[PDB]
């Protein structure tokens, strides 16, 4: 592949680039850059709570480390802070969806909150119906544009529909078992 868009995001991010180059080439497309916290698990969050969590993360960023790691079939409640370019695809998480991720925008205190909501989530190895929701959030205009809250939680009984990997997104099952890929921590601000 060529790396023009990636390279745009690793300008001036040397530590994160160095950590990625330590990973075998085949797995570099598979890893998430996730914060070493961990966030307590939570049910579906109100919008003001999301805004606060991302504001606090932006203010704490020089004291928070990240690692490149695989994420696979996280339990309901799982909350991650992740670094991702809005123009690159998300790495795999082991979740498939029977519908398209929908994109909503909310004005909050003169800022934009992006909500990317993927209902009808399922784990094809263990589920014949949809049981999960994934939300990716980010808050624009506060100097934290490339940082996301990613939330996995329980779907409603009313939203559960028959699931089949043959018509789901993504269409391809990931290779199991997963290799051991977790880098030692690095910083994204100094």
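Numbering follows the first chain given and starts at 1.
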| query | finding |
| --- | --- |
| Length class of the unmodelled deposited segment, which would lie between residue 177 and residue 178 | none |
| Higher-scoring stretch by recorded Cα B factor average, 78-86 or 99-107 | 99-107 |
| Per the entry, higher mean C-alpha B factor between 155-163 and 31-39 | 155-163 |
| Among 70, 125, 150, 139 - the residue whose C-alpha B-factor is largest in the record | 125 |
| Ranked against its chain, the third holding the CA B-factor of residue 14 | highest |
| CA B-factor ranking of residue 20, expressed as a third of its chain | lowest |
